[PDB]
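K.L.:
Got a structure for you, questions after.
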Amino acid sequence: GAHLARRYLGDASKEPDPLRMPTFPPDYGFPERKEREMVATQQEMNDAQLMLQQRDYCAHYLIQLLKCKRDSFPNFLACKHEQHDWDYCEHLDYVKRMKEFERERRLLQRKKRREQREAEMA
Amino acid sequence: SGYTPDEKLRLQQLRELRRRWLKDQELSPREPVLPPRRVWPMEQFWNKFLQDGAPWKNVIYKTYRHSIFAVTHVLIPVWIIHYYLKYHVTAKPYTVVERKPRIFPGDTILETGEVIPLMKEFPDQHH
Amino acid sequence: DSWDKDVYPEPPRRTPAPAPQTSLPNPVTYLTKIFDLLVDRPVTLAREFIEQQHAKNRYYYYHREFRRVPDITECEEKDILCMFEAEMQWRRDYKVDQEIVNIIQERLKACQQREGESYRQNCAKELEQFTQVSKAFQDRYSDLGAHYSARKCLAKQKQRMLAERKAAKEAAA
Amino acid sequence: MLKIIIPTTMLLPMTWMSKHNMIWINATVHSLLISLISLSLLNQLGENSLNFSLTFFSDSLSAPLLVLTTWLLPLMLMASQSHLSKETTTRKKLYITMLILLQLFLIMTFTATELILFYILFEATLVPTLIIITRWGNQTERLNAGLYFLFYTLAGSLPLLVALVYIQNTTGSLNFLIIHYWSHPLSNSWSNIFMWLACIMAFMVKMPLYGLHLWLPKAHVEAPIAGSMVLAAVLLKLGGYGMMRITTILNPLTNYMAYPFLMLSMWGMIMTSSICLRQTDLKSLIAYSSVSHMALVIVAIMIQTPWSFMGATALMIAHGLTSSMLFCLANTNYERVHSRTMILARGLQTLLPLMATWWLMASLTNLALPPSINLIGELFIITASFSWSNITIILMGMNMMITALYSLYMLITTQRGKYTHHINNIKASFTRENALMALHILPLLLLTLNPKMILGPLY
Amino acid sequence: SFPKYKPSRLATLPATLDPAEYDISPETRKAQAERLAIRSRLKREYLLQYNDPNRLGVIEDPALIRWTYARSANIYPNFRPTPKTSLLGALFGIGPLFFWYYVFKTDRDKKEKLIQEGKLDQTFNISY
Amino acid sequence: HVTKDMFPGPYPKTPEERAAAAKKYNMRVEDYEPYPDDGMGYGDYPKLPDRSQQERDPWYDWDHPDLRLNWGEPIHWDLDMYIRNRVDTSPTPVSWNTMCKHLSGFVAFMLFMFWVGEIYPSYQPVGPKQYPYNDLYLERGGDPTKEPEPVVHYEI
Amino acid sequence: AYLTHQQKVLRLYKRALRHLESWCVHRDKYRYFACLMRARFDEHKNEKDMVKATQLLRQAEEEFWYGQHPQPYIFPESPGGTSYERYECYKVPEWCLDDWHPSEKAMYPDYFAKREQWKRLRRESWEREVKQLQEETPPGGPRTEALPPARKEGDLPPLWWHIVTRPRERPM
Amino acid sequence: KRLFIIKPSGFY
Amino acid sequence: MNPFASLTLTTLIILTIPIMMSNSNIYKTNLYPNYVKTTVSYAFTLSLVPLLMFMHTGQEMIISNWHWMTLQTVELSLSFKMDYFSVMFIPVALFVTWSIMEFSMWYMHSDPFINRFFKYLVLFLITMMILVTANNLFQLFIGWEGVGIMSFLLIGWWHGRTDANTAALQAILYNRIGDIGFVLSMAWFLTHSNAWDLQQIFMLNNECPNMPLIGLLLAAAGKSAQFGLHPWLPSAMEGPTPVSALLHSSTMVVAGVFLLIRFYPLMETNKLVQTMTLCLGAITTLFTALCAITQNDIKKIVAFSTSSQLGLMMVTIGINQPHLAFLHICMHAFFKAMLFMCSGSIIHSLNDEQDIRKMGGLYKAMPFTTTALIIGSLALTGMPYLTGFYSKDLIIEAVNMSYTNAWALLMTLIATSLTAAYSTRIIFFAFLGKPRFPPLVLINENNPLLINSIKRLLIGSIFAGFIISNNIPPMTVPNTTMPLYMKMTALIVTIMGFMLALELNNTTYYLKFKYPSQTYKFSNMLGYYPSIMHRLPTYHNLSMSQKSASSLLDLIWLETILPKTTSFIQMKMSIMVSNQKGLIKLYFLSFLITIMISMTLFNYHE
């Protein structure tokens, strides 16, 4: 609720609005990045008919997890290491998302700087 | 205020009437007389298999209860509805339809025998 | 089987073969084997008995042929005989078209169930087919009222043809 | 149709000469074989109406109603000898004769080919019903009932006759097949508007429409039970059937003048239902419920949608069965109590468990519990109306709600309570009435199993 | 004090807080005694009929038929077309009439000006 | 069994008519309040004021205990209205106006401040969830003929 | 009949302390507060002016009704509880047993015999009890809702059968 | 101890 | 084409058999309750297996066994769907029934018509099956109103109880209001989409079902006792305790949310419906929990807890948490049915005494029901590592890490706190504290059926959540690393409500006077909602129907508008026609006047 307070109670433009952000090109500002690679492929992607919500950049660990689990019966306690891998990889992509959030946030501070520092000429 | 003798006389008169009526409500040794009934010999055999008092015999009396339950309640359905499905329902198009199973990379398909090609290396992250 | 892949397309049935590498063996296996032994085998042998009894005497039947008759457009104004012929022919054509859209609906529902969660990805091929079937069914038979008849269908068709002819004439000079 | 007409006509001599004890048995059994013979008439060609002769024809709309009447005829016979036991043999024989003449007229009506012959027998059903309501009635305003019923029917019937003869002069024939095959568009002339009104208002009087529906709460409530069930079950269906026949030559005008009456029913079905809630007599409550259901059928007719027609026909059949059963149950309770206020005898579920059941699924079918034919007939009309106009649903959505209320309310206030101590004449359930409600109920679920038969000609 | 519950339309003044039972008067108690007297008579002959061994059928209640006749028969003969009566008839019987007709007609014409202009969904509406 | 006098008649005008209707309705002249003559009906019928069948004595030997009703006693025009099952006229311990205001301001409070709550939704400080292969366009209702617009996402 | 002041305060004490039981819940609280309220009641019994005593009753009823429990306790079988009128669906009128079919009658024979002698009691008692209530009726219409006694010997007290043959508390 | 059961005549 | 379809159908036909035997009178009416118990247990055994091969592979088929109607475009057919929802709902459902009606067979032991009662539980379970295993909205409607009128009959089981019939009618009215949206949804799907099966509707990709979604929301609100249409569940509580432990416990109150998650592929399109579900669920949680805070009973309190559970249930469907919600319905079944028949046990022991102020000090007096109660709370309040929490924490997480509303999550947390409040309140009343029950000590538990039935659900509520949670494949991307303050929020709100309720239970101990708080009364009157809304609108409707609709219009204005006016006209002027004095002079004078009137006055000559 920190950024929520800074946006609602404080300046709305200060915090990243959840819809549009990032409002600046990824290549701009951030050093030239690389399009996040796809371990999973479309044919394998729909071969296991994963739901569109569980159809993210991270789905390779999930498809491997289901490959093991469908071969792991009746042992439902197994395949713990692969689900832990998917949890860490979801955490990595969630860190990527908050990195985008803070990228928009800090570039928004920089935008405020560029606006009023240049506007002080008057 | 007030249980007056005028009202008393009524009250315990009604008392002795009500009580005697309730004694009448009580049934009698012949009550309830039940009209004669035919009993099939199979349950004669089964109650004779219940009278002896043995533990194993009581146990197998109830397991035969369960067995007739199985044959006439849970076995004849898998009879009739399977007869209905595999030869009448499934014999017609799209009456029975099943989604293709989730086929993961590295899985062998029975008909084709091919193992679905594997995927590139996992990012090898570790916590 | 009783239906062609031309009249009821079916995606190829492909099933994976899991390897239960765990020491724990899957129970559903034993369920399939016992169900096959004490249910499938007796129903199959009783079916063989009644099927050979059926094959002992198999009486025959055929489809009801329908010789085509002149259409209402060819039918003269207020000629009750040919009017009856065309009306019955058009009624049976409406019935056959209703069964056409029914067949397409069954096929595409089947498609949805085969593709499961990927129904959106792997049903558009038949989705557009049912779409055009219904879209043209609307301008071919719908909005005709409870007392729909061959003359009313011809009137609606004619109105559509004048509309399209006028629109194409005015649009393309 | 003379394989059903000739035996029905020859049924009259059997009762008219049978002995003092055999009239009831003979009429009941032979009417049962008549219903069995008419069960054949459910044999329907794909799209061609079965044209037995020039003057007689049937299709998927007339045949279910005809089967309903023929199967019904034993039911009045079974429901009447309770209140007809203490009567002279000649008078009983005439009561039976009135019933047979009623059924015969209904059969000729449903199987008629020319609209004029249809009108002749359709209205001709008045006379036997008039005799039944007036002479054998037990309440006070039965004499007033007959006047109200006859005059309400005729006030619409005569303009229909004028319109029909005018159509015969102009079009050429009143035959259904001709007026459908040789149908011509109707211009929006005001003379044509009055012609449509004449062709519509008679059936809408017998529908009934809201406002001019006063003949039922003053006729069904008063008639002997047999007359009450033959009125509510089929005679109400006469207007719907006639409208379904007549809207072929009443388009495209109908829609423009469909606006007043449609909502008149749509709004009316609410008030009648509300009138059902604050009732005092069982029979009046059933009559008002019948008015509401028939108003729903009116809406179905004036939508003129295939789905609306199928739902209409299903609702007519189901409502006939349910209303007949409810009236029979009300008669059983009333005779056991010799009064009709639904407060005098309550809490009889314990005393008469089978009556408690019969009332339970009678209410359930009246409440349209799915998948009964009542519910499907209602829902088809609801969907057709929603396609025609969305807002209808809330009014529709109100109806069964209020219906459900009273659909259970009487059951709560007549059997689901505490018995009245001072009354003791409630005896053991005579198996006659229980069997009668059986012959009412089992065909209902049987038709629920295969509703493709009562689905009408649009199926 | 906590201010007294003012009696509502669907809930009368509590019997505990009735001033009449508090500030009683000789004529009030007299008016409360003879009602008990006539009620005693009414319970008495009811008990005699109710405890009569040969009582068969129903003990016909005059009050019940009085209610039914009042709410079924007297309504029209006692009806006079007062200005208020005609006003209520106009407001209820024919009032919401134009309201429903207007709303239904507005939807009908608004939608009609959507089909023939093509501005509605018709892709899968082949059943109506 | 029942002659004219029990049958309810017209609205009483003279006090003699009032008394006549009083013993017609087996009740005293004071208890008899004729219904207000306004052309709506009733007339001679006596007005029982408002109270429902839940305010009677639950311990009295009522001849009809289902609704706590006494033999031959007059019954309300709205007797079916004011019955044990249907609406009640028994007093409620909370005052009618203040409970009505409590409920009204209550439901109004949630709708009101939910209006202002949902224009300020609570969202976590997390980024936009990117999706592979042009944000799953082709898989989720994607036209293959038209080129999928590039929604390629860079590493962050 | 008429509600005397002592009755109006007996009912007041009953209602107030039962509501206090619903309020305090625990038995020790109830005992302490009940003795305290007993004192608060009996302290001012000596109100000479009946008008003043009724005014004190006004205040007592006012405050009690303001502070009466929003959910006072009522036992189940008693009016207001969960078992209230829950056994009505089982009790059946006694005259129904004159309807039982001869097979049903003979299958419960001696109870029907004792019903026959009880019925004989009812017949022989009806005329005696009606003339009994006639001779001691309040002259020219009954005055009180009371019920006339069987002053003589052997006469069944007037209006007895339905109370005696009332469906039992637990018909089942 | 079993009291009497007063029920409607179910034979019919 | 393997046994799956076959035994999934047997799993309903075998339990249809007992009603056929009951109506055929072949059944032994004496031990028939045991007959239904054994049929249901055998059904449960037959039901684990479909879960088994759904777990091994994920098999999900649809059977169109019998074709009913073909209305030239809609091939209506009796069809069933085997999917995760139905496939795993069947076993838990039959297990819950097999427990609670054996608890009934003990508790329900004095009603002469016990046979019809045990039949009734069966019929309810039959309509439940074709409700949950529906393949078209028509079967769903059939089950929707079958459970409706079935609960109607079961609530009024003691039909001599007028309040029971009133409660049944009030219960019925509310889902009659609800099914209006159901009918609207079917009408829209049949018109716009031309579909009545779930497959064709979801396949059609109807991404603008605004009115259908509102209709489904209204139907679920009616069936699940949401706001506006909640108080019918507390009325339904009037019925038998086993009725409350099967129908009202967690089965037919989740029928609406079952309809919701069945339609979840189309639910995600219209976000406004998500928001409205958030509103309804959150405010229901607050209102019902707040009522249960100050209420003084055992049955209706657990009713309000139930309704709060259904509120927070489809709150999650508001954030598109379908499979999490359908996992949580299982815990809702388990612990709620548990403390339900535990409540039935305490009522049975204390000569059918319900109000909390009339029992106490029963902890040592009965340890088995005491353990059952505090473990029922131990699952309901969701402390970690037991069936109960295996949803709610994630549920709470779901509302914390999502796009939601401030009130939407505030009522979730505050309602969990309120739930814990009366969770410890009830244990303080019944088993703890000092004895408050009547002097005659008949508190008993010595019955094999009761102990067996409670211990089945004991093991269920201790490990079933673990079984399903660790088993089922992840149908929602689990939310990884996130701020820790909203992870643990759910537990400390429950415990601070626990502590506040502890000291407030101690307020009943200390001798200080207890003033009547208007908020205590407000919650005591159920927010005044049944006080006036069950009185005022009903008053308007019924009074208008009688005095005006049935009187002013029909018998007054309708008679005056047409029949009576014409009759009076004819009556009046037939008199002036037929009252002639008969004199020859005036007759011939009239003839005379007619002469020249016809001659040229009308000009008939020309």
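Identifiers in the structure tokens: chain A, B, ... in order shown; residue index from 1 per chain; ligand index from 1 in order shown.
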Would you mind listing what lies within 12 Å of residue 19 in chain A as number ranges by chain, with only C-alpha atoms counted and same-chain residues fewer than 2 positions away left out?

P.N.:
A: 15-17, 21-23, 101, 104; F: 123, 125-129; I: 403

K.L.:
Just want the 12 Å neighbourhood of range 111-119 of chain A, counted on only C-alpha atoms, with same-chain residues fewer than 4 positions away dropped. Output as a PyMOL selection string.

P.N.:
chain A and resi 11+13-15+23-24+29+103-107

K.L.:
Counting only C-alpha atoms, which residues of chain B fall within 7 Å of chain H, and what is the closest atom pair for each with its distance in Å at one decimal, ordered by chain and rising number, as a tab-separated table?

P.N.:
```
residue	atom	partner	partner_atom	distance
B:25	CA	H:4	CA	4.6
B:26	CA	H:3	CA	4.4
B:27	CA	H:3	CA	6.1
```

K.L.:
I need the contact residues of chain A against chain F, so if you could list those with any atom within 8 Å, counting only C-alpha atoms, and return them as an MDAnalysis selection string, that would help.

P.N.:
chainID A and resid 1 3:4 8 18:19 21 26 33:36 38 52 55:57 94 96:101

K.L.:
Write the residues of the selection above to a file with C-alpha atoms, as a PDB file, in the first residue's frame.

P.N.:
```
ATOM      1  CA  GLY A   1       0.000   0.000   0.000  1.00  0.00           C
ATOM      2  CA  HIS A   3       3.021   3.089  -3.708  1.00  0.00           C
ATOM      3  CA  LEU A   4      -0.779   3.050  -3.511  1.00  0.00           C
ATOM      4  CA  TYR A   8      -3.741   8.140  -4.421  1.00  0.00           C
ATOM      5  CA  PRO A  18      -1.019  -0.270 -13.257  1.00  0.00           C
ATOM      6  CA  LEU A  19      -2.465  -0.327 -16.784  1.00  0.00           C
ATOM      7  CA  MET A  21       3.192   1.184 -17.402  1.00  0.00           C
ATOM      8  CA  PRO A  26      12.314  -0.750 -22.840  1.00  0.00           C
ATOM      9  CA  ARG A  33      17.959  -5.418 -23.441  1.00  0.00           C
ATOM     10  CA  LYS A  34      17.111  -8.751 -25.075  1.00  0.00           C
ATOM     11  CA  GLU A  35      13.685 -10.223 -25.873  1.00  0.00           C
ATOM     12  CA  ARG A  36      12.955 -12.739 -23.112  1.00  0.00           C
ATOM     13  CA  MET A  38      11.085 -18.955 -24.940  1.00  0.00           C
ATOM     14  CA  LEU A  52      -4.125 -19.212 -20.870  1.00  0.00           C
ATOM     15  CA  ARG A  55       0.568 -19.913 -20.267  1.00  0.00           C
ATOM     16  CA  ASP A  56       3.358 -17.565 -19.230  1.00  0.00           C
ATOM     17  CA  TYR A  57       7.087 -17.275 -20.004  1.00  0.00           C
ATOM     18  CA  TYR A  94       7.774 -11.574 -10.647  1.00  0.00           C
ATOM     19  CA  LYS A  96      11.190  -8.969 -13.583  1.00  0.00           C
ATOM     20  CA  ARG A  97       7.721  -7.472 -13.224  1.00  0.00           C
ATOM     21  CA  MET A  98       8.648  -5.421 -10.182  1.00  0.00           C
ATOM     22  CA  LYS A  99      11.852  -4.429 -11.954  1.00  0.00           C
ATOM     23  CA  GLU A 100       9.615  -3.058 -14.702  1.00  0.00           C
ATOM     24  CA  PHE A 101       7.539  -1.359 -11.993  1.00  0.00           C
TER      25      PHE A 101
END
```

K.L.:
Determine the nearest neighbour of residue 4 in chain G from the options B:41, B:1, B:73, B:28, counting only C-alpha atoms.

P.N.:
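Once distances to residue 4 in chain G are computed over only C-alpha atoms, the minimum belongs to B:1.
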
K.L.:
Please provide the set of residues having any atom within 10 Å of residue 362 in chain I, restricted to only C-alpha atoms, with same-chain residues fewer than 2 positions apart removed, written as a PyMOL selection string.

P.N.:
chain I and resi 346+359-360+364-367+369-370+427-437+443

K.L.:
Tell me which protein, DNA and RNA residues are within 12 Å of residue 10 in chain G, counting only C-alpha atoms, leaving out same-chain ones fewer than 6 positions away, and put them as a PyMOL selection string.

P.N.:
(chain B and resi 1) or (chain G and resi 3-4+16-17+38+41-42+57+61)

K.L.:
For the residues in that selection, give me N, CA, C and O atoms as a PDB file, in the first residue's frame.

P.N.:
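File part-v3.pdb, as written:
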```
ATOM      1  N   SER B   1     -55.940 -17.561  41.445  1.00  0.00           N
ATOM      2  CA  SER B   1     -55.141 -16.723  42.324  1.00  0.00           C
ATOM      3  C   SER B   1     -54.397 -17.594  43.352  1.00  0.00           C
ATOM      4  O   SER B   1     -54.590 -18.826  43.300  1.00  0.00           O
TER       5      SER B   1
ATOM      6  N   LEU G   3     -57.538  -7.046  34.764  1.00  0.00           N
ATOM      7  CA  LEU G   3     -56.141  -7.114  35.186  1.00  0.00           C
ATOM      8  C   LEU G   3     -55.948  -6.183  36.376  1.00  0.00           C
ATOM      9  O   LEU G   3     -55.795  -4.970  36.214  1.00  0.00           O
ATOM     10  N   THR G   4     -55.955  -6.753  37.577  1.00  0.00           N
ATOM     11  CA  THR G   4     -55.700  -5.975  38.778  1.00  0.00           C
ATOM     12  C   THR G   4     -54.231  -5.568  38.843  1.00  0.00           C
ATOM     13  O   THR G   4     -53.370  -6.135  38.164  1.00  0.00           O
ATOM     14  N   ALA G  16     -39.527  -9.020  33.525  1.00  0.00           N
ATOM     15  CA  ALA G  16     -38.268  -8.341  33.800  1.00  0.00           C
ATOM     16  C   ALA G  16     -37.180  -9.327  34.193  1.00  0.00           C
ATOM     17  O   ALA G  16     -36.055  -9.247  33.690  1.00  0.00           O
ATOM     18  N   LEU G  17     -37.493 -10.285  35.068  1.00  0.00           N
ATOM     19  CA  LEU G  17     -36.433 -11.177  35.521  1.00  0.00           C
ATOM     20  C   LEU G  17     -36.111 -12.264  34.499  1.00  0.00           C
ATOM     21  O   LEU G  17     -34.961 -12.708  34.424  1.00  0.00           O
ATOM     22  N   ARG G  38     -35.150  -8.101  42.976  1.00  0.00           N
ATOM     23  CA  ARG G  38     -36.182  -8.441  43.945  1.00  0.00           C
ATOM     24  C   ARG G  38     -36.273  -7.368  45.019  1.00  0.00           C
ATOM     25  O   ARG G  38     -37.370  -6.951  45.410  1.00  0.00           O
ATOM     26  N   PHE G  41     -37.846  -4.249  43.600  1.00  0.00           N
ATOM     27  CA  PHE G  41     -39.291  -4.408  43.501  1.00  0.00           C
ATOM     28  C   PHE G  41     -39.971  -4.273  44.860  1.00  0.00           C
ATOM     29  O   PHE G  41     -40.840  -3.414  45.034  1.00  0.00           O
ATOM     30  N   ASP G  42     -39.579  -5.092  45.839  1.00  0.00           N
ATOM     31  CA  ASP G  42     -40.302  -5.115  47.105  1.00  0.00           C
ATOM     32  C   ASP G  42     -40.014  -3.907  47.989  1.00  0.00           C
ATOM     33  O   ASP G  42     -40.665  -3.764  49.030  1.00  0.00           O
ATOM     34  N   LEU G  57     -45.604   1.815  37.807  1.00  0.00           N
ATOM     35  CA  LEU G  57     -45.664   0.730  36.834  1.00  0.00           C
ATOM     36  C   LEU G  57     -45.416   1.240  35.418  1.00  0.00           C
ATOM     37  O   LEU G  57     -44.799   0.545  34.606  1.00  0.00           O
ATOM     38  N   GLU G  61     -42.456  -0.470  33.309  1.00  0.00           N
ATOM     39  CA  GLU G  61     -42.680  -1.067  31.997  1.00  0.00           C
ATOM     40  C   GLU G  61     -41.954  -0.303  30.901  1.00  0.00           C
ATOM     41  O   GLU G  61     -41.412  -0.924  29.981  1.00  0.00           O
TER      42      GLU G  61
END
```

K.L.:
Step one, run DSSP on the backbone; step two, keep only residues of chain A assigned to helix (DSSP H, G or I); then write them as a ChimeraX atom specification.

P.N.:
/A:2-10,42-47,59-70,80-119

K.L.:
May I have the residues of chain A within 12 Å of chain C, counting only C-alpha atoms, written as a CSV table (one decimal) with N, CA, C and O atoms, in the first residue's frame?

P.N.:
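Once everything was written out, this is result23.csv:
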```csv
chain,number,residue,atom,x,y,z
A,42,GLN,N,5.3,-23.4,-29.0
A,42,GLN,CA,3.9,-23.3,-29.2
A,42,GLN,C,3.2,-24.7,-29.3
A,42,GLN,O,2.2,-25.0,-28.7
A,43,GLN,N,3.9,-25.6,-30.1
A,43,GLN,CA,3.3,-26.9,-30.3
A,43,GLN,C,3.3,-27.7,-28.9
A,43,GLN,O,2.3,-28.3,-28.6
A,45,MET,N,3.2,-26.1,-26.2
A,45,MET,CA,2.5,-25.3,-25.4
A,45,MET,C,1.0,-25.7,-25.4
A,45,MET,O,0.4,-25.8,-24.3
A,46,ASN,N,0.5,-26.0,-26.6
A,46,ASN,CA,-0.9,-26.5,-26.7
A,46,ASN,C,-1.0,-28.0,-26.7
A,46,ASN,O,-2.1,-28.5,-26.7
A,47,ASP,N,0.1,-28.7,-26.7
A,47,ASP,CA,0.1,-30.1,-26.6
A,47,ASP,C,-0.4,-30.6,-25.2
A,47,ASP,O,-1.1,-31.6,-25.1
A,48,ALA,N,-0.1,-29.8,-24.2
A,48,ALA,CA,-0.6,-30.1,-22.9
A,48,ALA,C,-1.8,-29.2,-22.5
A,48,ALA,O,-2.3,-29.3,-21.4
A,49,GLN,N,-2.3,-28.4,-23.4
A,49,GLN,CA,-3.4,-27.5,-23.3
A,49,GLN,C,-3.4,-26.9,-21.9
A,49,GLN,O,-4.4,-27.0,-21.1
A,50,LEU,N,-2.3,-26.2,-21.6
A,50,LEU,CA,-2.3,-25.4,-20.4
A,50,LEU,C,-3.2,-24.2,-20.5
A,50,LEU,O,-3.4,-23.6,-21.6
A,51,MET,N,-3.8,-23.8,-19.4
A,51,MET,CA,-4.8,-22.7,-19.4
A,51,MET,C,-4.0,-21.4,-19.8
A,51,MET,O,-2.8,-21.2,-19.5
A,52,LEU,N,-4.7,-20.4,-20.4
A,52,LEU,CA,-4.1,-19.2,-20.9
A,52,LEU,C,-3.5,-18.4,-19.7
A,52,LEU,O,-2.5,-17.7,-19.9
A,53,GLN,N,-4.1,-18.5,-18.5
A,53,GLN,CA,-3.4,-17.9,-17.4
A,53,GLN,C,-2.1,-18.6,-17.0
A,53,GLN,O,-1.2,-17.9,-16.6
A,54,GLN,N,-2.1,-19.9,-17.0
A,54,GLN,CA,-0.9,-20.6,-16.8
A,54,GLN,C,-0.2,-20.9,-18.1
A,54,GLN,O,0.3,-22.0,-18.4
A,55,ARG,N,-0.1,-19.9,-19.0
A,55,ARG,CA,0.6,-19.9,-20.3
A,55,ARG,C,1.6,-18.8,-20.4
A,55,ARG,O,1.7,-18.1,-21.4
A,66,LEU,N,4.3,-31.6,-14.9
A,66,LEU,CA,3.2,-32.5,-15.3
A,66,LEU,C,3.7,-33.7,-16.0
A,66,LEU,O,3.1,-34.8,-15.9
A,67,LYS,N,4.8,-33.6,-16.8
A,67,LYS,CA,5.4,-34.8,-17.4
A,67,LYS,C,5.8,-35.8,-16.3
A,67,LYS,O,5.6,-37.0,-16.4
A,68,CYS,N,6.4,-35.3,-15.2
A,68,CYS,CA,6.8,-36.2,-14.1
A,68,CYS,C,5.6,-36.7,-13.3
A,68,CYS,O,5.5,-37.9,-13.0
A,69,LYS,N,4.7,-35.8,-13.0
A,69,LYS,CA,3.6,-36.1,-12.1
A,69,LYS,C,2.6,-37.2,-12.8
A,69,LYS,O,2.2,-38.1,-12.1
A,70,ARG,N,2.3,-37.0,-14.1
A,70,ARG,CA,1.5,-37.9,-14.8
A,70,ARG,C,2.2,-39.3,-14.8
A,70,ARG,O,1.5,-40.3,-14.8
A,71,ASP,N,3.5,-39.3,-14.8
A,71,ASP,CA,4.3,-40.5,-14.6
A,71,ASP,C,4.6,-40.9,-13.1
A,71,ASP,O,5.2,-41.9,-12.9
A,72,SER,N,4.1,-40.1,-12.2
A,72,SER,CA,4.3,-40.3,-10.8
A,72,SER,C,2.9,-40.5,-10.1
A,72,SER,O,2.3,-39.5,-9.7
A,73,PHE,N,2.5,-41.7,-10.0
A,73,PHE,CA,1.3,-42.1,-9.4
A,73,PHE,C,1.5,-43.4,-8.6
A,73,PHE,O,2.3,-44.2,-9.1
A,74,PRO,N,0.8,-43.6,-7.5
A,74,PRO,CA,-0.1,-42.7,-6.8
A,74,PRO,C,0.7,-41.7,-5.9
A,74,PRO,O,0.1,-40.9,-5.2
A,75,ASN,N,2.0,-41.6,-6.1
A,75,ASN,CA,2.8,-40.7,-5.2
A,75,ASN,C,2.5,-39.2,-5.6
A,75,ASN,O,3.1,-38.7,-6.6
A,76,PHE,N,1.7,-38.6,-4.8
A,76,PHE,CA,1.4,-37.2,-5.0
A,76,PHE,C,2.3,-36.2,-4.3
A,76,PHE,O,2.3,-35.0,-4.5
A,77,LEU,N,3.2,-36.8,-3.4
A,77,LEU,CA,4.2,-36.0,-2.7
A,77,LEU,C,5.4,-35.8,-3.5
A,77,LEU,O,6.3,-34.9,-3.1
A,78,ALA,N,5.6,-36.5,-4.6
A,78,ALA,CA,6.8,-36.4,-5.4
A,78,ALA,C,6.8,-35.2,-6.3
A,78,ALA,O,5.9,-34.3,-6.2
A,79,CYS,N,7.8,-35.0,-7.2
A,79,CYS,CA,7.9,-33.9,-8.1
A,79,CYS,C,7.9,-32.6,-7.3
A,79,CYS,O,7.4,-31.5,-7.7
```

K.L.:
Using Å and a single decimal, report how far CA of residue 80 in chain B sits from CA of residue 33 in chain C.

P.N.:
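According to the coordinates, CA of residue 33 in chain C and CA of residue 80 in chain B are separated by 19.3 Å.
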
K.L.:
Chain D residues within 8 Å of chain I, counting only C-alpha atoms: which ones, as number ranges by chain?

P.N.:
D: 211-212, 214, 271-272, 274-275, 277-279, 347, 369-371, 379, 382-383, 386-387, 393-394, 397-398, 400-401, 404-405, 408, 412, 416-418, 450-452, 459
